[PDB]
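FYI, it's all coordinate maths here, none of it is from the lab. Neighbour counts are summed over all protein chains in view; Cβ atoms, including those assigned to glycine, are modelled from backbone coordinates with ideal geometry.
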Amino acid sequence: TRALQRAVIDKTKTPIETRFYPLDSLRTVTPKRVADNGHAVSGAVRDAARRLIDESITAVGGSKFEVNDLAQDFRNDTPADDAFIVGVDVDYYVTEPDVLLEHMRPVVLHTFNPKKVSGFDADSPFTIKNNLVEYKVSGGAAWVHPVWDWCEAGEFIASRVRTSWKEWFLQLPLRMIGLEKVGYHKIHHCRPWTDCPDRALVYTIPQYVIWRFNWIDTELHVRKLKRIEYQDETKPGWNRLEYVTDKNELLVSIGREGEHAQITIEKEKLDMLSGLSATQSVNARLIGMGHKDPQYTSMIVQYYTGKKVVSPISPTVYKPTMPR
Amino acid sequence: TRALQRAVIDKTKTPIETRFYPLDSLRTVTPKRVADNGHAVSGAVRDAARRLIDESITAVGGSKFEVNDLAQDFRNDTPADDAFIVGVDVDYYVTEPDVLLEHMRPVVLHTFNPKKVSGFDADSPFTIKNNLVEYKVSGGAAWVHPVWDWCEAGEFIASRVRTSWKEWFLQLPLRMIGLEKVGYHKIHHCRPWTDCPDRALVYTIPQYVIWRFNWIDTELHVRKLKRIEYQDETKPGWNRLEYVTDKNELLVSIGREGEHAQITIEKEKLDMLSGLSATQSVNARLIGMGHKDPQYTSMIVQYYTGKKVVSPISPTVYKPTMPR
Amino acid sequence: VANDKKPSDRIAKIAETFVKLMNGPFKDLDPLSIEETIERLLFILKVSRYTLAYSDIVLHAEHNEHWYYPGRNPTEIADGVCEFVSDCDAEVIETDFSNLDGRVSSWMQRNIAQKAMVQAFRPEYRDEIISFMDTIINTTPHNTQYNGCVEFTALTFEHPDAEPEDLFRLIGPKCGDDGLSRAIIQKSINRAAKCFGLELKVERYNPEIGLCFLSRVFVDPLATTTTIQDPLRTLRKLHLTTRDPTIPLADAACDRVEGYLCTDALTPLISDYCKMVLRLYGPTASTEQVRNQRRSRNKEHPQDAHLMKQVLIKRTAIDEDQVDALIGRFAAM
């Protein structure tokens with residue numbers, strides 16, 4: 001329509017680049033196993049992530065502003081303009097990723113983006129209820145936070161930008177109409193640790209700012225970060241997750257909310273099984289495929305029938321921490 | 001909200017540190033087996049704990065104030081300010097851990113924090129009814145006391161502080177409003193004996209005091225010690241317990257209240273089994289896994305169906321004590 | 001043979017401390033102009049323009065003269081070696097690396113050399129230097145930086161309780177693939193090399209066989225500074241000439257013996273060979289101006305003469321009567 005022409009013509013962009021040196025070291029880093037034997041600890045994973053980011057930043061020679069809610073309150077530290085923003089396990093701390101992206105500066109972020117719907121991340125048990133991850137840090141408190149969908153398709157993002165109260169007064173009449181000052185970013189996530197596949201090393205570069213119309217679509221269909229909806233609308237009380245394997249396999253993870261048991265299966269198998277008429281047929285087919293483990297077939301059958309169980313909340317005793 | 005700003009700004013803390021030397025000896029102590037052969041006796045475990053704490057304190061060169069209800073009545077002994085507070089099996093004696101934590105001094109405490117819902121602790125039978133542990137000391141009387149949740153996630157605690165009657169008069173109008181004088185502590189629990197995994201060697205250091213608002217939440221979600229609720233709200237008459245193993249396993253312990261039989265199972269298995277439609281299916285799956293012991297599968301089935309049995313109270317004959 | 005053996009977590013702090021001590025008081029630097037680089041001392045020029053300035057500024061500073069011997073005249077090298085051996089009371093160890101440029105790992109390259117260059121040079125030149133380092137990853141200063149890093153790692157492992165500045169102040173002379181260190185870390189050096197992923201060869205100092213350093217043999221470093229070409233490396237191969245086929249044998253031999261006279265005039269078992277080459281190939285060689293105008297020309301203390309003779313005999317494990325017989329045979333040919 002002619003409205004599309006308005007958006008196409010109205011570029012009015014102001015590209016800004018404070019010579020942010022591309023951090024090619026973070027991009028294209030081979031998978032690594034931090035723990036020589038056994039399984040790594042959460043503190044060890046955090047230390048490895050910090051060391052990797054530190055080495056990259058120092059090798060490039062840039063500066064950094066580590067964050068350890070709506071405003072970062074960077075004034076108390078006043079870092080340089082060219083310095084990067086680095087955050088580790090700050091999902092609980094930051095209300096939104098927009099808080100980090102308003103600064104219109106490159107962001108290096110190590111986050112929790114699970115590929116299993118429940119289980120252990122390193123030594124830290126975690127579980128998803130409603131749509132909030134009930135993470136339990138090994139040697140720490142209990143974190144309750146959502147996941148902000150870093151790994152969905154699309155490299156271009158829309159985010160807010162910093163605005164003062166005077167700027168707020170200036171733009172509020174324009175804001176209510178549907179006019180927003182939107183910055184654009186390019187995302188890269190690496191997934192660098194094999195033993196802990198639930199944590200992603202997100203990397204981001206800003207590209208340029210733009211004024212956009214709220215009630216007008218975009219030709220490139222740029223997306224803005226949204227909270228993930230783990231709940232399965234077809235089977236109440238169940239969480240469903242899909243992810244793509246490196247060997248060209250589209251697996252799916254199923255499980256109940258506020259619950260520990262979890263199984264991964266090829267998506268095609270789940271779609272075939274979800275249409276079977278009888279419960280006994282599910283077991284017959286699963287035995288046909290060669291799955292003899294009861295823990296697998298029983299969970300598949302329970303998902304097929306949508307069995308809801310009100311599991312209780314019970315006291316937990318956590319592993320003793322050792323500084324080493 | 002703006003109320004959150006009030007709490008954030010209102011630090012008004014008065015850190016106090018009477019050069020309490022960190023007891024690094026207690027932290028990071030490898031597991032030990034007190035009894036060379038057979039199983040250790042409760043008195044032997046108590047002696048070992050006392051010896052370990054004594055050696056640590058003397059090596060650090062500090063002093064101690066051993067406790068053997070609301071007020072410790074330390075005036076009769078007037079220990080030094082720098083001396084530590086040490087208690088062994090004082091769960092029955094002390095009404096609350098707040099009694100120990102009001103002194104705003106480091107606490108070394110050896111407590112009963114079971115990981116089995118019932119059975120034997122060393123040679124002492126113990127059982128949980130309602131929410132009180134019916135401990136039966138080997139060579140002693142019968143102790144009835146709750147558990148005060150030392151091992152939950154979170155290293156920071158809230159506790160009362162000593163206040164005189166004049167201080168009570170001063171702070172009562174403020175206290176009723178919702179203003180409390182709260183101290184903060186850092187916890188470490190070690191679990192040092194393998195043959196007696198139900199006893200934990202709790203260690204504590206105070207950090208600083210603060211004035212807090214009762215009806216305002218805390219950003220860090222600091223927790224205050226609460227009585228454990230062993231009762232399972234889903235299956236009346238049953239006690240459920242969860243704990244994390246060193247080998248990355250989340251086991252669960254189930255059993256009836258005022259009852260002796262007890263079994264530990266992986267949590268995932270229990271969640272899978274709790275959703276099965278038929279009782280015979282539980283046995284079928286359990287045989288599939290390879291569990292041939294009737295004492296295990298029968299208890300699992302009873303938990304699944306929530307079978308309640310009114311076991312009687314009967315006379316008991318205890319083992320004769322020998323001073324050796 | 002490329003390697004990607006990243007170091008351990010603990011070693012990273014040691015490497016960062018060593019890099020900071022290398023930085024010292026020279027926070028800011030500027031690149032050199034093309035003309036100045038050209039008159040200093042294609043593909044070599046683009047990296048040299050920055051690396052020569054970086055070396056001259058930082059590596060030749062007051063607080064970095066303790067270890068960066070590479071970059072001084074041979075008389076200065078001899079003086080430094082004699083001073084170091086006098087300080088260590090003839091208790092020194094030698095390091096011999098095999099294909100260091102072919103064995104340095106990516107982590108070492110990007111956390112020692114790149115870090116040092118970026119800290120030394122101005123921020124406005126960061127992109128150029130980082131691009132040059134990236135091109136390098138996929139000359140002289142790199143070997144010195146690696147040797148300094150390994151020395152710092154050894155010193156940190158030996159005395160973990162001392163301050164990093166005091167630890168680094170003890171760094172002995174180092175020059176590329178060759179260097180000197182205290183003998184007290186002879187066994188611990190292998191473990192440090194294994195942690196970084198490098199291969200190290202170490203030999204205890206022995207006065208009977210002399211000391212090996214920069215292919216130079218110190219006959220008696222305790223008293224005299226007299227030094228000679230390494231006999232072990234050259235004697236077994238001096239009879240064969242590795243010059244290109246286009247050069248006549250006479251010109252190559254004449255250049256070799258001229259260099260030997262310039263460096264090893266009074267060394268036993270080499271002076272006779274050089275004189276016999278000059279006597280035989282000399283007259284048959286071409287004009288010396290012709291070879292001075294030819295590209296392949298550059299492609300090559302009397303008081304302790306007795307002691308030098310005995311030290312050479314010990315180095316070559318040849319009996320004195322056998323040495324005399326060999327000398328007589330060489331002269332009479």
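The overall shape of the protein assembly as shown is prolate: from the C-alpha gyration tensor, with semi-axes ordered a ≥ b ≥ c, the ratio a/c is 1.5 or greater and a/b exceeds b/c. When chain B is turned onto chain A, its residue with the beta carbon nearest the axis, and that distance in whole angstrom, is B:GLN280, 25. Across the identical copies, the 7 Å label point of A:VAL161, projected outward along Cα→Cβ, sits 4.9 nm from its counterparts, in ascending order. For A:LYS64, the residues 5 or more places off, or on other chains, whose built amide H falls under 5 Å of its own are A:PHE84.
Amide H to amide H distances under 5 Å link B:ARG240 with B:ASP232, where only residues 5 or more positions off or on other chains count and H is placed in the peptide plane. Could you point to the residue in B:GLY275, B:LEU250, B:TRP238 farthest towards the positive end of segment B:172-324's charge dipole, with +1 and -1 charges on the Cβ of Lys/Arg and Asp/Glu respectively? The Cα lying farthest towards the positive end belongs to B:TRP238. Considering only A:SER63, A:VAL90, A:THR163, and ranking their Cα positions along the charge dipole of segment A:50-177 that arises from unit charges at the beta-carbon of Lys, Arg, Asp and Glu, the one farthest toward the positive end is A:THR163.
Counting other Cβ atoms within 10 Å as a rough exposure proxy, the listed residues C:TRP67, A:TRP150, A:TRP211, B:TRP193 run A:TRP211, A:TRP150, B:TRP193, C:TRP67 from fewest neighbours to most.
3J(HN,Hα) along segment A:169-181, derived from phi through the Karplus expression 6.51 cos²θ - 1.76 cosθ + 1.60 where θ = phi - 60°, amounts to 4, 4, 9, 4, x, 6, 4, 5, 5, x, 9, 10, 8 Hz, with x in place of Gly and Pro. A Förster radius of 22 Å combined with the Cβ-Cβ distance from C:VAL47 to C:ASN99 puts the calculated FRET efficiency at roughly 0.65. Entry note, segment C:46-133: relative contact order of 34 percent, from Cα contacts under 8 Å with a spacing of 6+ residues. Between A:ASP77 and A:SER277, the modelled labels are 6.5 nm apart [label points 7 Å from Cα along Cα→Cβ].
Our coupling estimate for segment B:111-123, obtained by passing each phi through the Karplus curve with A = 6.51, B = -1.76, C = 1.60 and θ = phi - 60°, is 10, 9, 10, x, 9, 9, 6, 6, x, 10, 9, 6, 9 Hz, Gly and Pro reported as x. Charge dipole (Cα centre; +1 on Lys/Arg Cβ, -1 on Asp/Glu Cβ; no other charges) of segment B:139-245 amounts to roughly 480 debye. Annotation: amide H-H contacts under 5 Å for C:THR95 (H modelled 1.01 Å from N, sequence separation of 5 or more, or interchain): C:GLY179. Peptides A:47-53, A:62-68, ordered by how many other C-beta atoms sit within 10 Å of their residues on average, highest first, read A:47-53, A:62-68. The distance from the alpha carbon centre of segment A:264-284 to that of segment C:8-31 is 60 Å, rounded to a whole number. Rounded, prolate or oblate: which one fits segment B:191-262, using the alpha carbon gyration tensor with axes a ≥ b ≥ c (rounded when a/c is under 1.5, else prolate when a/b beats b/c, else oblate)? Since a/c reaches 1.5 but b/c is at least a/b, the shape of segment B:191-262 is classed as oblate.
Give the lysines whose C-alpha is closer than 19 Å to that of C:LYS13, dropping any in the same chain fewer than 8 places away, or say none. Candidates past the 8-residue exclusion: A:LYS64, C:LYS5, C:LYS115, C:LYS194. Place a point 7 Å from the Cα of C:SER215 along the Cα-to-Cβ direction; which residues of segment C:260-283 have their backbone N under 13 Å from it? So the set is C:260, C:263-264. Annotation for B:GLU219, label-to-label distances across the other copies: 4.5 nm (shortest first, one decimal, point 7 Å from Cα along Cα→Cβ). With R₀ set to 51 Å, the beta-carbon distance separating A:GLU167 from C:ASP9 gives a calculated FRET efficiency near 0.70. With neighbour counts taken as other beta-carbon atoms within 10 Å, the residues B:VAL45, A:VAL99 rank, fewest first, as A:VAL99, B:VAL45. Between C:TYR54, B:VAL133, C:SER188, the Cα set farthest toward the positive side of the dipole of the protein assembly as shown (charges on each charged residue's Cβ, about the Cα centre) is that of B:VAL133. Note on segment B:1-154: Cα-only Rg and Dmax are 18.6, 64 Å. Taking 7 Å steps out from each Cα toward its Cβ at A:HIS221 and B:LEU179 produces label points 6.0 nm apart.
Only helices enter this figure: runs of n ≥ 4 DSSP H residues, each worth -39500 (n - 2.57), summed and divided by the residues of chain C, yield -15000 deg cm²/dmol at 222 nm to the nearest 500. Note on chain B: helix-only mean residue ellipticity at 222 nm, from DSSP H runs of 4+ residues weighted -39500 (n - 2.57) and normalised by residue number, equals -7000 deg cm²/dmol. Could you let me know the centre-to-centre spacing of segment C:69-116 and segment C:255-295, using Cα atoms, in angstrom? Their Cα centres are 31 Å away from one another.
Quick one: grab the alpha carbon gyration tensor of chain C, order the square roots of its eigenvalues as a ≥ b ≥ c, and give me rounded if a/c is under 1.5, else prolate or oblate depending on whether a/b is larger than b/c. Here chain C falls in the oblate category. Each copy carries A:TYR296; placing its label point 7 Å along the C-beta direction from Cα gives inter-copy distances of 2.1 nm, listed from smallest up. In order along segment A:101-110, the phi-based Karplus estimate (6.51 cos²θ - 1.76 cosθ + 1.60, θ = phi - 60°) of 3J(HN,Hα) comes to 7, 4, 4, 6, 9, x, 10, 10, 9, 10 Hz; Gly and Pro are listed as x. Between the alpha-carbon centres of segment B:48-112 and segment B:158-220 there is a gap of 16 Å. About the centre of its Cα atoms, the protein assembly as shown shows a dipole size close to 2960 debye [charges on the beta carbon of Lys, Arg (+1) and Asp, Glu (-1) only; nearest 20 debye].
Assigning unit charges at the beta carbon (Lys, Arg +1; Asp, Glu -1) and nothing else, what dipole magnitude in debye, to the nearest 20, does segment A:32-128 show about its Cα centre?
Values: 10 positive and 17 negative charges, 94 e Å.
Magnitude of the dipole: close to 440 debye.
Cβ-Cβ distance of B:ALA261 and A:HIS39, R₀ of 41 Å, FRET efficiency by 1/(1 + (r/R0)^6): the value works out to about 0.80.
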